[PDB]
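*Asks:* Got my_file_15.cif for you, mmCIF, N, CA and C atoms:
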```cif
data_upload
#
loop_
_atom_site.label_atom_id
_atom_site.label_comp_id
_atom_site.auth_asym_id
_atom_site.auth_seq_id
_atom_site.Cartn_x
_atom_site.Cartn_y
_atom_site.Cartn_z
N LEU W 630 -60.91 -65.67 -79.56
CA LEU W 630 -60.19 -64.48 -80.00
C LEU W 630 -60.99 -63.24 -79.62
N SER W 631 -62.14 -63.06 -80.26
CA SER W 631 -62.97 -61.89 -79.97
C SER W 631 -63.44 -61.89 -78.52
N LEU W 632 -63.57 -63.07 -77.91
CA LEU W 632 -63.99 -63.19 -76.52
C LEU W 632 -63.02 -62.47 -75.59
N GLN W 633 -61.79 -62.97 -75.49
CA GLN W 633 -60.82 -62.36 -74.58
C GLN W 633 -60.35 -60.99 -75.06
N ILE W 634 -60.37 -60.73 -76.38
CA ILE W 634 -60.09 -59.38 -76.86
C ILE W 634 -61.11 -58.40 -76.30
N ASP W 635 -62.40 -58.70 -76.50
CA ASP W 635 -63.44 -57.76 -76.12
C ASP W 635 -63.58 -57.66 -74.61
N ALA W 636 -63.44 -58.77 -73.89
CA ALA W 636 -63.44 -58.69 -72.43
C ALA W 636 -62.26 -57.88 -71.94
N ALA W 637 -61.09 -58.07 -72.56
CA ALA W 637 -59.90 -57.32 -72.18
C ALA W 637 -60.11 -55.83 -72.35
N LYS W 638 -60.59 -55.41 -73.53
CA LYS W 638 -60.80 -53.99 -73.74
C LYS W 638 -62.00 -53.47 -72.97
N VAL W 639 -62.90 -54.35 -72.54
CA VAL W 639 -63.98 -53.93 -71.65
C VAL W 639 -63.41 -53.55 -70.29
N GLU W 640 -62.57 -54.40 -69.71
CA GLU W 640 -61.95 -54.02 -68.45
C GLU W 640 -61.03 -52.82 -68.62
N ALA W 641 -60.38 -52.71 -69.79
CA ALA W 641 -59.60 -51.52 -70.10
C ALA W 641 -60.46 -50.27 -70.00
N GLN W 642 -61.64 -50.29 -70.64
CA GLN W 642 -62.55 -49.17 -70.49
C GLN W 642 -62.99 -49.01 -69.05
N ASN W 643 -62.97 -50.10 -68.27
CA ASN W 643 -63.38 -49.99 -66.87
C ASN W 643 -62.39 -49.14 -66.08
N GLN W 644 -61.09 -49.41 -66.24
CA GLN W 644 -60.13 -48.53 -65.60
C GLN W 644 -60.19 -47.13 -66.20
N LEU W 645 -60.53 -47.02 -67.49
CA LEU W 645 -60.73 -45.70 -68.08
C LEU W 645 -61.86 -44.95 -67.38
N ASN W 646 -62.94 -45.65 -67.02
CA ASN W 646 -64.08 -44.97 -66.43
C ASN W 646 -63.81 -44.61 -64.97
N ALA W 647 -63.24 -45.53 -64.20
CA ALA W 647 -62.87 -45.20 -62.83
C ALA W 647 -61.90 -44.02 -62.81
N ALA W 648 -60.86 -44.10 -63.64
CA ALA W 648 -59.86 -43.04 -63.77
C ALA W 648 -60.51 -41.71 -64.12
N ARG W 649 -61.05 -41.61 -65.33
CA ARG W 649 -61.59 -40.34 -65.81
C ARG W 649 -62.67 -39.79 -64.88
N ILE W 650 -63.60 -40.65 -64.44
CA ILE W 650 -64.70 -40.18 -63.59
C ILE W 650 -64.16 -39.64 -62.27
N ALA W 651 -63.26 -40.38 -61.63
CA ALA W 651 -62.66 -39.89 -60.39
C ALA W 651 -61.96 -38.55 -60.61
N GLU W 652 -61.20 -38.45 -61.71
CA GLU W 652 -60.59 -37.19 -62.09
C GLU W 652 -61.63 -36.08 -62.18
N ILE W 653 -62.79 -36.40 -62.76
CA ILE W 653 -63.89 -35.44 -62.89
C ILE W 653 -64.27 -34.95 -61.51
N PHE W 654 -64.92 -35.81 -60.72
CA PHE W 654 -65.48 -35.36 -59.44
C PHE W 654 -64.44 -34.65 -58.59
N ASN W 655 -63.29 -35.30 -58.40
CA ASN W 655 -62.22 -34.73 -57.58
C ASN W 655 -61.77 -33.37 -58.11
N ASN W 656 -61.24 -33.34 -59.34
CA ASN W 656 -60.69 -32.09 -59.87
C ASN W 656 -61.72 -30.97 -59.89
N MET W 657 -62.96 -31.27 -60.29
CA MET W 657 -64.00 -30.25 -60.34
C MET W 657 -64.27 -29.69 -58.95
N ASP W 658 -64.65 -30.55 -58.00
CA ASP W 658 -65.05 -30.08 -56.68
C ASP W 658 -63.88 -29.40 -55.96
N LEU W 659 -62.72 -30.05 -55.96
CA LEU W 659 -61.56 -29.53 -55.24
C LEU W 659 -61.04 -28.25 -55.87
N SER W 660 -61.07 -28.16 -57.20
CA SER W 660 -60.70 -26.91 -57.85
C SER W 660 -61.71 -25.81 -57.56
N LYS W 661 -62.98 -26.18 -57.38
CA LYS W 661 -63.99 -25.21 -56.96
C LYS W 661 -63.63 -24.65 -55.59
N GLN W 662 -63.32 -25.53 -54.64
CA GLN W 662 -62.88 -25.08 -53.33
C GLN W 662 -61.55 -24.34 -53.38
N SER W 663 -60.74 -24.58 -54.41
CA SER W 663 -59.54 -23.78 -54.61
C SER W 663 -59.90 -22.36 -55.02
N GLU W 664 -60.91 -22.22 -55.88
CA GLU W 664 -61.43 -20.88 -56.16
C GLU W 664 -62.01 -20.26 -54.89
N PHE W 665 -62.53 -21.09 -53.97
CA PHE W 665 -63.04 -20.56 -52.71
C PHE W 665 -61.91 -19.99 -51.85
N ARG W 666 -60.90 -20.81 -51.54
CA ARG W 666 -59.75 -20.29 -50.79
C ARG W 666 -59.10 -19.13 -51.51
N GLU W 667 -59.27 -19.03 -52.83
CA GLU W 667 -58.68 -17.92 -53.57
C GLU W 667 -59.49 -16.65 -53.39
N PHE W 668 -60.82 -16.76 -53.41
CA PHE W 668 -61.66 -15.62 -53.04
C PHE W 668 -61.30 -15.13 -51.65
N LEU W 669 -61.19 -16.06 -50.69
CA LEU W 669 -60.82 -15.68 -49.34
C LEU W 669 -59.39 -15.16 -49.26
N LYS W 670 -58.54 -15.55 -50.21
CA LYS W 670 -57.20 -14.98 -50.31
C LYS W 670 -57.26 -13.52 -50.75
N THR W 671 -58.10 -13.22 -51.74
CA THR W 671 -58.24 -11.85 -52.19
C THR W 671 -58.87 -10.98 -51.11
N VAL W 672 -59.86 -11.52 -50.39
CA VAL W 672 -60.42 -10.80 -49.25
C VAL W 672 -59.36 -10.60 -48.18
N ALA W 673 -58.46 -11.58 -48.02
CA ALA W 673 -57.35 -11.42 -47.08
C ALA W 673 -56.44 -10.27 -47.51
N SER W 674 -56.16 -10.17 -48.81
CA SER W 674 -55.38 -9.03 -49.30
C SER W 674 -56.13 -7.72 -49.10
N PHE W 675 -57.46 -7.75 -49.15
CA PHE W 675 -58.25 -6.56 -48.85
C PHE W 675 -58.07 -6.14 -47.39
N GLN W 676 -58.16 -7.10 -46.47
CA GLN W 676 -57.98 -6.79 -45.06
C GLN W 676 -56.55 -6.33 -44.78
N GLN W 677 -55.58 -6.85 -45.53
CA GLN W 677 -54.23 -6.30 -45.48
C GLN W 677 -54.20 -4.87 -45.99
N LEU F 630 -69.54 -59.80 -81.26
CA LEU F 630 -68.34 -59.02 -81.54
C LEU F 630 -68.68 -57.54 -81.60
N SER F 631 -69.43 -57.14 -82.62
CA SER F 631 -69.81 -55.74 -82.76
C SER F 631 -70.65 -55.27 -81.58
N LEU F 632 -71.37 -56.19 -80.94
CA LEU F 632 -72.20 -55.87 -79.78
C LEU F 632 -71.35 -55.30 -78.65
N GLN F 633 -70.46 -56.12 -78.08
CA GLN F 633 -69.65 -55.66 -76.96
C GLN F 633 -68.60 -54.63 -77.39
N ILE F 634 -68.16 -54.67 -78.65
CA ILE F 634 -67.28 -53.60 -79.13
C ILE F 634 -67.99 -52.25 -79.06
N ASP F 635 -69.17 -52.17 -79.67
CA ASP F 635 -69.86 -50.89 -79.78
C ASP F 635 -70.42 -50.43 -78.44
N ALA F 636 -70.94 -51.35 -77.63
CA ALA F 636 -71.36 -50.96 -76.28
C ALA F 636 -70.17 -50.50 -75.46
N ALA F 637 -69.04 -51.19 -75.62
CA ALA F 637 -67.82 -50.83 -74.90
C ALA F 637 -67.39 -49.41 -75.24
N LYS F 638 -67.31 -49.09 -76.53
CA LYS F 638 -66.89 -47.76 -76.93
C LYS F 638 -67.99 -46.72 -76.69
N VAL F 639 -69.24 -47.16 -76.53
CA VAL F 639 -70.30 -46.24 -76.13
C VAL F 639 -70.09 -45.77 -74.70
N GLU F 640 -69.83 -46.70 -73.78
CA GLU F 640 -69.52 -46.26 -72.43
C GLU F 640 -68.21 -45.48 -72.39
N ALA F 641 -67.25 -45.85 -73.24
CA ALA F 641 -66.02 -45.07 -73.36
C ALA F 641 -66.33 -43.62 -73.71
N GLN F 642 -67.15 -43.40 -74.74
CA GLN F 642 -67.57 -42.04 -75.05
C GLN F 642 -68.35 -41.43 -73.91
N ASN F 643 -69.00 -42.25 -73.09
CA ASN F 643 -69.76 -41.70 -71.98
C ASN F 643 -68.83 -41.05 -70.96
N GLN F 644 -67.75 -41.74 -70.60
CA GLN F 644 -66.78 -41.09 -69.73
C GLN F 644 -66.11 -39.92 -70.45
N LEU F 645 -65.96 -40.01 -71.77
CA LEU F 645 -65.42 -38.88 -72.52
C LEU F 645 -66.32 -37.65 -72.38
N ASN F 646 -67.65 -37.85 -72.40
CA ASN F 646 -68.56 -36.71 -72.35
C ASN F 646 -68.65 -36.15 -70.94
N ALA F 647 -68.75 -37.01 -69.93
CA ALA F 647 -68.73 -36.52 -68.56
C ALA F 647 -67.45 -35.75 -68.29
N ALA F 648 -66.31 -36.33 -68.67
CA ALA F 648 -65.01 -35.70 -68.51
C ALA F 648 -64.95 -34.34 -69.20
N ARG F 649 -65.01 -34.34 -70.53
CA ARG F 649 -64.84 -33.10 -71.28
C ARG F 649 -65.88 -32.05 -70.89
N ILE F 650 -67.15 -32.45 -70.75
CA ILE F 650 -68.20 -31.49 -70.41
C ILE F 650 -67.93 -30.86 -69.04
N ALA F 651 -67.61 -31.69 -68.04
CA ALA F 651 -67.28 -31.15 -66.73
C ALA F 651 -66.09 -30.20 -66.81
N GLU F 652 -65.05 -30.60 -67.55
CA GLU F 652 -63.91 -29.71 -67.79
C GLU F 652 -64.37 -28.38 -68.36
N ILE F 653 -65.32 -28.41 -69.30
CA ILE F 653 -65.87 -27.20 -69.90
C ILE F 653 -66.46 -26.34 -68.80
N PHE F 654 -67.58 -26.77 -68.23
CA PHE F 654 -68.31 -25.92 -67.29
C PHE F 654 -67.40 -25.40 -66.18
N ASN F 655 -66.68 -26.31 -65.53
CA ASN F 655 -65.79 -25.94 -64.43
C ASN F 655 -64.73 -24.94 -64.89
N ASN F 656 -63.88 -25.35 -65.83
CA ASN F 656 -62.77 -24.50 -66.25
C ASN F 656 -63.25 -23.14 -66.75
N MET F 657 -64.33 -23.11 -67.53
CA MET F 657 -64.86 -21.84 -68.03
C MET F 657 -65.30 -20.94 -66.89
N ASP F 658 -66.23 -21.41 -66.05
CA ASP F 658 -66.78 -20.55 -65.01
C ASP F 658 -65.71 -20.14 -64.00
N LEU F 659 -64.92 -21.11 -63.54
CA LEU F 659 -63.92 -20.84 -62.52
C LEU F 659 -62.80 -19.96 -63.05
N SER F 660 -62.41 -20.15 -64.31
CA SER F 660 -61.44 -19.25 -64.91
C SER F 660 -62.02 -17.86 -65.12
N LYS F 661 -63.32 -17.77 -65.38
CA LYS F 661 -63.98 -16.47 -65.46
C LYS F 661 -63.89 -15.74 -64.13
N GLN F 662 -64.24 -16.42 -63.04
CA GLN F 662 -64.09 -15.83 -61.72
C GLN F 662 -62.63 -15.59 -61.36
N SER F 663 -61.71 -16.30 -62.00
CA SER F 663 -60.29 -15.98 -61.85
C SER F 663 -59.97 -14.65 -62.50
N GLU F 664 -60.57 -14.39 -63.67
CA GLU F 664 -60.47 -13.05 -64.23
C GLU F 664 -61.13 -12.02 -63.32
N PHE F 665 -62.15 -12.42 -62.56
CA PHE F 665 -62.77 -11.50 -61.62
C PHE F 665 -61.82 -11.13 -60.48
N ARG F 666 -61.30 -12.14 -59.76
CA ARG F 666 -60.30 -11.86 -58.73
C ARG F 666 -59.09 -11.14 -59.30
N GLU F 667 -58.84 -11.28 -60.61
CA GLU F 667 -57.70 -10.59 -61.21
C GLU F 667 -58.01 -9.12 -61.45
N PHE F 668 -59.22 -8.82 -61.91
CA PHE F 668 -59.67 -7.43 -61.99
C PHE F 668 -59.58 -6.78 -60.62
N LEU F 669 -60.12 -7.44 -59.60
CA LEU F 669 -60.06 -6.91 -58.24
C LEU F 669 -58.64 -6.86 -57.71
N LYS F 670 -57.75 -7.70 -58.24
CA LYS F 670 -56.33 -7.61 -57.92
C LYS F 670 -55.72 -6.34 -58.49
N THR F 671 -56.07 -6.01 -59.74
CA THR F 671 -55.56 -4.79 -60.35
C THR F 671 -56.12 -3.56 -59.64
N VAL F 672 -57.40 -3.61 -59.25
CA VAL F 672 -57.97 -2.53 -58.45
C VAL F 672 -57.25 -2.44 -57.11
N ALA F 673 -56.86 -3.59 -56.55
CA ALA F 673 -56.09 -3.59 -55.32
C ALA F 673 -54.75 -2.90 -55.51
N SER F 674 -54.07 -3.16 -56.63
CA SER F 674 -52.83 -2.46 -56.93
C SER F 674 -53.07 -0.97 -57.13
N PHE F 675 -54.24 -0.59 -57.64
CA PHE F 675 -54.59 0.82 -57.75
C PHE F 675 -54.72 1.46 -56.38
N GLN F 676 -55.44 0.80 -55.47
CA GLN F 676 -55.59 1.33 -54.12
C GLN F 676 -54.25 1.38 -53.39
N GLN F 677 -53.36 0.42 -53.68
CA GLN F 677 -51.99 0.52 -53.21
C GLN F 677 -51.28 1.72 -53.82
#
```
Please lay out the structure from this file as structure tokens.

*Replies:*
Amino acid sequence: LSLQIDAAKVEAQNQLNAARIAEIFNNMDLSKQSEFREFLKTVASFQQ
Amino acid sequence: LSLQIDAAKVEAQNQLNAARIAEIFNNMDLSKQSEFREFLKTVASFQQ
């Protein structure tokens, strides 16, 4: 009972970690570069 | 039982901390610089 329960929720946490962690690195870095293209967008409006 | 349960939820909280903390630093700083590009946007409307 506790064996397959705990192993099951262990793998559940495993998809939780792959999911959340990937969301972290991706969303953080890519949103940072979105702020980058946005800075360059405002500079583009300046050149306009 | 309590061993793999508590270790399991410890790593669960670990992804919770990486997730939420990264959300903090990123969203705060990047949204701050969004207020920056927004100030410069209003100044751009002034120059217009």

*Asks:* Quick one, how far is atom C of residue 664 (chain W) from CA of residue 661 (chain F)?

*Replies:*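 Between atom C of residue 664 (chain W) and CA of residue 661 (chain F) the gap works out to 11.4 Å.
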
*Asks:* For region 649-654 of chain W, work out the shell of residues within 6.5 Å, counting all atoms listed in the file and skipping chain neighbours fewer than 6 positions away, then give it as a ChimeraX atom specification.

*Replies:* /F:644,647-648

*Asks:* Could you list, as a ChimeraX atom specification, the residues of chain W having an atom within 7 Å of chain F when counting all atoms listed in the file?

*Replies:* /W:631,635,638-639,642,645-646,649-650,653,657,664,668,671

*Asks:* Box in all listed atoms of region 654-669 of chain F, axis-aligned, with 4 Å more on each side; write out centre and edge lengths in Å to one decimal as AutoDock Vina command-line options.

*Replies:*
```
--center_x -63.0 --center_y -16.8 --center_z -63.0 --size_x 18.6 --size_y 28.0 --size_z 18.5
```

*Asks:* Lay chain F over chain W using all C-alpha atoms, matched one to one in order, with a least-squares fit; then write it out as a short mmCIF file (atom, residue, chain, number, x, y, z; two decimals) with N, CA and C atoms, in the coordinates of the input.

*Replies:*
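Produced file out_35.cif, reproduced below:
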```
data_model
loop_
_atom_site.label_atom_id
_atom_site.label_comp_id
_atom_site.auth_asym_id
_atom_site.auth_seq_id
_atom_site.Cartn_x
_atom_site.Cartn_y
_atom_site.Cartn_z
N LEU F 630 -60.93 -65.69 -79.58
CA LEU F 630 -60.22 -64.50 -80.02
C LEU F 630 -61.01 -63.26 -79.65
N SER F 631 -62.16 -63.06 -80.28
CA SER F 631 -62.98 -61.89 -79.98
C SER F 631 -63.44 -61.89 -78.53
N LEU F 632 -63.55 -63.07 -77.93
CA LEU F 632 -63.97 -63.20 -76.53
C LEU F 632 -62.99 -62.47 -75.61
N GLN F 633 -61.75 -62.96 -75.53
CA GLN F 633 -60.78 -62.35 -74.64
C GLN F 633 -60.33 -60.96 -75.12
N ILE F 634 -60.38 -60.71 -76.43
CA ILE F 634 -60.12 -59.35 -76.90
C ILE F 634 -61.14 -58.37 -76.33
N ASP F 635 -62.42 -58.67 -76.52
CA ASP F 635 -63.47 -57.73 -76.13
C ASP F 635 -63.62 -57.65 -74.62
N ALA F 636 -63.50 -58.78 -73.91
CA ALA F 636 -63.50 -58.71 -72.45
C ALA F 636 -62.31 -57.92 -71.94
N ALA F 637 -61.16 -58.13 -72.58
CA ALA F 637 -59.94 -57.42 -72.20
C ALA F 637 -60.13 -55.91 -72.33
N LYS F 638 -60.62 -55.46 -73.48
CA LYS F 638 -60.81 -54.03 -73.69
C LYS F 638 -62.02 -53.50 -72.90
N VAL F 639 -62.92 -54.39 -72.47
CA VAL F 639 -64.00 -53.97 -71.58
C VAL F 639 -63.44 -53.60 -70.21
N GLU F 640 -62.59 -54.46 -69.64
CA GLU F 640 -61.97 -54.07 -68.39
C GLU F 640 -61.05 -52.87 -68.57
N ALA F 641 -60.40 -52.77 -69.73
CA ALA F 641 -59.60 -51.59 -70.04
C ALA F 641 -60.45 -50.33 -69.95
N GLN F 642 -61.61 -50.32 -70.61
CA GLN F 642 -62.52 -49.19 -70.47
C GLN F 642 -62.99 -49.03 -69.04
N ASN F 643 -63.01 -50.11 -68.27
CA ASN F 643 -63.45 -50.00 -66.89
C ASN F 643 -62.47 -49.15 -66.08
N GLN F 644 -61.17 -49.43 -66.22
CA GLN F 644 -60.21 -48.56 -65.56
C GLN F 644 -60.25 -47.16 -66.17
N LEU F 645 -60.56 -47.05 -67.46
CA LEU F 645 -60.71 -45.73 -68.07
C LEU F 645 -61.83 -44.94 -67.39
N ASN F 646 -62.95 -45.62 -67.06
CA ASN F 646 -64.09 -44.91 -66.48
C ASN F 646 -63.83 -44.56 -65.02
N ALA F 647 -63.29 -45.50 -64.25
CA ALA F 647 -62.93 -45.18 -62.87
C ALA F 647 -61.95 -44.02 -62.84
N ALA F 648 -60.90 -44.09 -63.66
CA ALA F 648 -59.90 -43.05 -63.77
C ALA F 648 -60.52 -41.70 -64.12
N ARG F 649 -61.05 -41.59 -65.34
CA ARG F 649 -61.56 -40.30 -65.81
C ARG F 649 -62.66 -39.76 -64.90
N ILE F 650 -63.60 -40.61 -64.48
CA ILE F 650 -64.70 -40.15 -63.63
C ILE F 650 -64.17 -39.60 -62.31
N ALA F 651 -63.27 -40.35 -61.66
CA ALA F 651 -62.68 -39.87 -60.42
C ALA F 651 -61.96 -38.54 -60.64
N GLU F 652 -61.19 -38.45 -61.73
CA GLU F 652 -60.55 -37.18 -62.10
C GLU F 652 -61.57 -36.07 -62.19
N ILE F 653 -62.74 -36.35 -62.79
CA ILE F 653 -63.82 -35.38 -62.91
C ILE F 653 -64.21 -34.91 -61.52
N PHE F 654 -64.85 -35.78 -60.75
CA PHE F 654 -65.42 -35.36 -59.47
C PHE F 654 -64.38 -34.65 -58.60
N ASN F 655 -63.23 -35.29 -58.42
CA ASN F 655 -62.17 -34.73 -57.58
C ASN F 655 -61.72 -33.37 -58.11
N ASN F 656 -61.18 -33.34 -59.32
CA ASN F 656 -60.62 -32.10 -59.86
C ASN F 656 -61.65 -30.97 -59.88
N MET F 657 -62.89 -31.27 -60.27
CA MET F 657 -63.93 -30.24 -60.29
C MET F 657 -64.19 -29.69 -58.90
N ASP F 658 -64.56 -30.55 -57.95
CA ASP F 658 -64.94 -30.06 -56.63
C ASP F 658 -63.76 -29.39 -55.92
N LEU F 659 -62.60 -30.04 -55.95
CA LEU F 659 -61.43 -29.53 -55.24
C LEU F 659 -60.92 -28.24 -55.87
N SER F 660 -60.97 -28.15 -57.20
CA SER F 660 -60.61 -26.90 -57.85
C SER F 660 -61.63 -25.81 -57.56
N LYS F 661 -62.90 -26.18 -57.39
CA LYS F 661 -63.91 -25.21 -56.98
C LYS F 661 -63.58 -24.64 -55.61
N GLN F 662 -63.29 -25.51 -54.65
CA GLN F 662 -62.86 -25.04 -53.34
C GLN F 662 -61.53 -24.32 -53.39
N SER F 663 -60.73 -24.57 -54.42
CA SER F 663 -59.52 -23.76 -54.63
C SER F 663 -59.89 -22.35 -55.04
N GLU F 664 -60.92 -22.21 -55.88
CA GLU F 664 -61.45 -20.88 -56.14
C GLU F 664 -62.03 -20.27 -54.87
N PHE F 665 -62.53 -21.09 -53.94
CA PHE F 665 -63.02 -20.56 -52.68
C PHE F 665 -61.89 -19.99 -51.83
N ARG F 666 -60.86 -20.80 -51.54
CA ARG F 666 -59.70 -20.27 -50.82
C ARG F 666 -59.06 -19.10 -51.56
N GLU F 667 -59.27 -19.01 -52.88
CA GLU F 667 -58.70 -17.89 -53.62
C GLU F 667 -59.52 -16.62 -53.43
N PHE F 668 -60.84 -16.75 -53.42
CA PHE F 668 -61.70 -15.62 -53.05
C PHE F 668 -61.33 -15.13 -51.66
N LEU F 669 -61.24 -16.04 -50.70
CA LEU F 669 -60.86 -15.66 -49.34
C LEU F 669 -59.44 -15.15 -49.27
N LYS F 670 -58.58 -15.54 -50.21
CA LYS F 670 -57.25 -14.96 -50.32
C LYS F 670 -57.31 -13.51 -50.75
N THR F 671 -58.17 -13.21 -51.73
CA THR F 671 -58.33 -11.83 -52.18
C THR F 671 -58.95 -10.97 -51.08
N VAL F 672 -59.92 -11.53 -50.35
CA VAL F 672 -60.47 -10.82 -49.19
C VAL F 672 -59.38 -10.61 -48.15
N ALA F 673 -58.48 -11.58 -48.00
CA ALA F 673 -57.36 -11.42 -47.09
C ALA F 673 -56.46 -10.27 -47.52
N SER F 674 -56.19 -10.15 -48.82
CA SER F 674 -55.42 -9.01 -49.31
C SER F 674 -56.17 -7.70 -49.10
N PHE F 675 -57.50 -7.73 -49.13
CA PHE F 675 -58.29 -6.55 -48.82
C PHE F 675 -58.11 -6.15 -47.37
N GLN F 676 -58.21 -7.11 -46.45
CA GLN F 676 -58.02 -6.82 -45.04
C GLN F 676 -56.60 -6.35 -44.75
N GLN F 677 -55.62 -6.88 -45.50
CA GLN F 677 -54.28 -6.32 -45.46
C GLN F 677 -54.25 -4.89 -45.97
#
```
